[PDB]
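K.L.:
Provided herewith is a single structure, encoded as structure tokens, for subsequent inquiry.
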There are 2 protein chains.
Amino acid sequence: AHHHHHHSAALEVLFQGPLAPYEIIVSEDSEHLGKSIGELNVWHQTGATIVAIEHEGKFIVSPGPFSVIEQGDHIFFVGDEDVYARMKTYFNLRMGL
Amino acid sequence: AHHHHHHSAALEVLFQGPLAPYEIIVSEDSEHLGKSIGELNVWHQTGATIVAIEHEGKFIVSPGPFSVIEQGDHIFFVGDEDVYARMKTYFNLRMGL
């Protein structure tokens with residue numbers, strides 16, 4: 001939690017529980033990327049909100065809609081387990097052949 | 001952290017540290033709202049990524065770009081302390097009169 005910002009047991013439960021980030025290392029051979037989070041319609045496709053990216057050893061909080069996702073990037077996001085499943089299919093596995 | 005998803009000390013540091021959410025209760029008299037996160041250009045304006053909203057007692061993870069912000073809503077977001085300051089100015093205080 002952030003020092004000198006309000007604290008409570010209830011807030012901590014949320015921060016630690018339903019808001020705990022998920023993470024997925026994008027495959028090195030994912031070919032449909034090199035495009036912005038905005039262009040990729042991530043929330044529409046998966047339900048996820050991306051909160052951070054690690055790109056070539058650099059961790060970026062709040063990448064925003066104009067950041068690009070490249071193969072190999074490590075994506076951090078909020079959601080639930082079903083969002084995770086959709087993120088796995090969208091970034092790595094790919095429906096169809 | 002999420003059970004059966006990968007864990008490490010380094011990941012925990014990130015989750016607990018730079019990714020810890022901030023939160024701000026939107027003022028009840030903020031008059032420029034009732035508009036979607038997308039329309040409000042939140043990242044452009046503030047640098048923030050909204051991860052959750054509490055609206056009239058209901059907490060919503062990953063509200064996404066099509067959710068509306070209304071006066072009184074509780075917004076949760078990632079960023080840094082400067083993002084917090086910009087969020088405070090954008091949602092509540094308002095530059096100018």
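In the structure tokens, each chain is lettered A, B, ... as it comes, each chain's residues begin at 1, and ligands are numbered from 1 in order of appearance.
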Which chain A residues are at most 9 Å from chain B (counting only C-alpha atoms), as JSON, numbers by chain?

P.N.:
{"A": [1, 2, 5, 6, 15, 16, 17, 18, 19, 20, 21, 22, 23, 43, 44, 47, 48, 49, 50, 51, 52, 61, 62, 63, 64, 65, 77, 78, 79, 80, 81]}

K.L.:
Tell me, as a list in words, which residues lie within 10 Å of residue B:58, counting only C-alpha atoms; anything in the same chain fewer than 5 positions away does not count.

P.N.:
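Counting only C-alpha atoms, the residues come to residues 53, 73 and 74 of chain B.
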
K.L.:
Selection from above, N, CA and C atoms, as a compact mmCIF listing (two decimals), in the first residue's frame, can you write it?

P.N.:
# COMPACT_ATOMS: atom_id res chain seq x y z
N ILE B 53 -13.57 0.00 -10.27
CA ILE B 53 -14.49 1.05 -9.85
C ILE B 53 -15.44 0.44 -8.81
N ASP B 73 -18.13 7.94 -7.50
CA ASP B 73 -17.51 6.64 -7.72
C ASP B 73 -16.13 6.57 -7.07
N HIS B 74 -15.75 5.38 -6.63
CA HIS B 74 -14.41 5.14 -6.10
C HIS B 74 -13.57 4.49 -7.18

K.L.:
Restricting the calculation to only C-alpha atoms, which member of A:12, A:75, A:37, A:28 is positioned closest to residue A:55?

P.N.:
A:75

K.L.:
Based on the backbone DSSP call, show me all residues of chain A assigned strand (DSSP E or B), as a list in words.

P.N.:
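Written out, the strand (DSSP E or B) residues of chain A are residues 22, 23, 24, 25, 35, 36, 49, 50, 51, 52, 53, 54, 55, 58, 59, 60, 61, 68, 69, 74, 75, 76, 77 and 78 of chain A.
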
K.L.:
List the neighbours of residue B:34 out to 12 Å using only C-alpha atoms; skip same-chain residues closer than 2 positions along the sequence, and give me the result as a list in words.

P.N.:
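Non-adjacent residues within range: residues 26, 28, 29, 30, 31, 32, 36, 37, 38, 39, 40, 66, 67, 68, 69, 70, 71, 72, 73 and 91 of chain B.
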
K.L.:
Which of chain A counts as alpha helix (DSSP H) under DSSP, as a VMD selection string please?

P.N.:
chain A and resid 9 to 16 37 to 40 42 to 46 81 to 88
